[PDB]
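What follows is a short report on a single structure.
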Amino acid sequence: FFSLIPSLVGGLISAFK
């Protein structure tokens, strides 16, 4: 239920591409 996620959680996403 967090918000304004940091490049931290988003980082793992970029890896998935």
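Note on naming: chains are A, B, ... as they come in the structure tokens, residues start from 1 per chain, ligands start from 1 in the order shown.
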_Which of chain A fall in alpha helix (DSSP H), as a list in words_ = residues 7, 8, 9, 10, 11, 12, 13, 14, 15 and 16 of chain A
